[PDB]
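*Asks:* Okay, handing you the structure first.
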Amino acid sequence: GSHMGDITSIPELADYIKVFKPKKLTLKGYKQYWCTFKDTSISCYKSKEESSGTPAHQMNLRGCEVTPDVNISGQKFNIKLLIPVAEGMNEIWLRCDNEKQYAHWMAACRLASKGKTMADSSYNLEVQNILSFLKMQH
Ligand SMILES: O=P(O)(O)O[C@H]1[C@H](O)[C@@H](OP(=O)(O)O)[C@@H](OP(=O)(O)O)[C@@H](OP(=O)(O)O)[C@H]1O
């Protein structure tokens, strides 16, 4: 809602990365979408136009399971996004794009696990940790 508390989305976190799923039926996978962490639920827009700008997916997924495995040797970042649900498990994995990428979602994703987003000072240590390897060697 929007009356006494929960005025707006206190925790703002958003970025654009690639996503690709095996799809249960067929679909097409491979899509550029910019999701954002609102008050306590997520939102998804593939085109601010959508004729009305209304997002296609909007719900509180949370429980995102993150697996950190990024070898800087070839500057290869590989984070798999898994989420348990009633149907079973939504296997999802986003593609890499630049160190600035892992810092935004890899951290938020982790936080998003405890339910909150990068609104915790702890996340600082998560992003401050990755960029630390760059200082050591590109
Ligand atoms: O537009 P089409 O070709 O139908 O495909 C989309 C994409 O698969 C979306 O992927 P992403 O999750 O990266 O946004 C999402 O898949 P999922 O269904 O697995 O969530 C949409 O869910 P639906 O719009 O609810 O069908 C699906 O419709």
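*Asks:* Suppose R0 equals 30 Å; then what is the FRET efficiency for residue 6 and residue 132 from their Cβ-Cβ distance, rounded to the nearest 0.05? Provide the component values of the computation, followed by the final result.
*Replies:* Numbers: r = 35 Å, r/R0 = 1.17.
Plugging the Cβ-Cβ distance into 1/(1 + (r/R0)^6) gives 0.30.
*Asks:* Okay, next question. Setting aside same-chain residues fewer than 8 positions from residue 114, which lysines have a Cα under 25 Å from its Cα?
*Replies:* Here the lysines satisfying the reach criterion relative to residue 114 are 18, 21, 38, 80, 100.
*Asks:* Here is a further query. If a paramagnetic tag sat 7 Å from the Cα of residue 78 along the Cα-Cβ line, which residues of the range 90-126 would have the backbone N under 14 Å from that point?
*Replies:* 93-96
*Asks:* Which order do peptides 92-101, 23-32, 105-114, 36-45 fall in by mean Cβ count within 10 Å, highest first? Kindly include the intermediate steps, with their values, before the conclusion.
*Replies:* Working: 92-101: 14.8, 23-32: 8.9, 105-114: 19.8, 36-45: 16.6.
Ranking, from highest mean packing down: 105-114, 36-45, 92-101, 23-32.
*Asks:* Rounding to the nearest 20 debye, state how big the charge dipole of the chain is about its Cα centre with +1 on each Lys and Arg Cβ and -1 on each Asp and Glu Cβ. It would help to have the intermediate numbers written out before the result.
*Replies:* Numbers: 18 positive and 14 negative charges, 95 e Å.
That gives a dipole near 460 debye.
*Asks:* Under the rule of at least 5 residues apart or a separate chain, name every residue whose amide H is placed under 5 Å from the amide H of residue 81.
*Replies:* Long-range HN contacts for residue 81: 92, 93, 94.
*Asks:* Using the Cα centre of the chain as origin and beta-carbon charges of +1 (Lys, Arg) and -1 (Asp, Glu), tell me which of 20, 67, 52 is placed farthest towards the positive end of the dipole.
*Replies:* About the Cα centre, the residue reaching furthest to the positive side is 20.
*Asks:* Same structure again: What percent do you get for the relative contact order of the chain when only Cα pairs under 8 Å and 6+ apart count? The partial results should precede the final answer.
*Replies:* Details: 220 pairs, mean separation 28.5, N = 138.
Worked out over the chain, it gives 21 percent.
*Asks:* Take each of the peptides 12-19, 52-59, average the number of other beta-carbon atoms within 10 Å over its residues, and list them starting from the highest.
*Replies:* Values: 12-19: 15.2, 52-59: 10.6.
Ranked by mean Cβ neighbours within 10 Å, highest first: 12-19, 52-59.
No value in this document is a laboratory result; all are computed from the given coordinates. Counting neighbours? That spans all protein chains shown, and the Cβs are built from the backbone with ideal geometry, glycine included.
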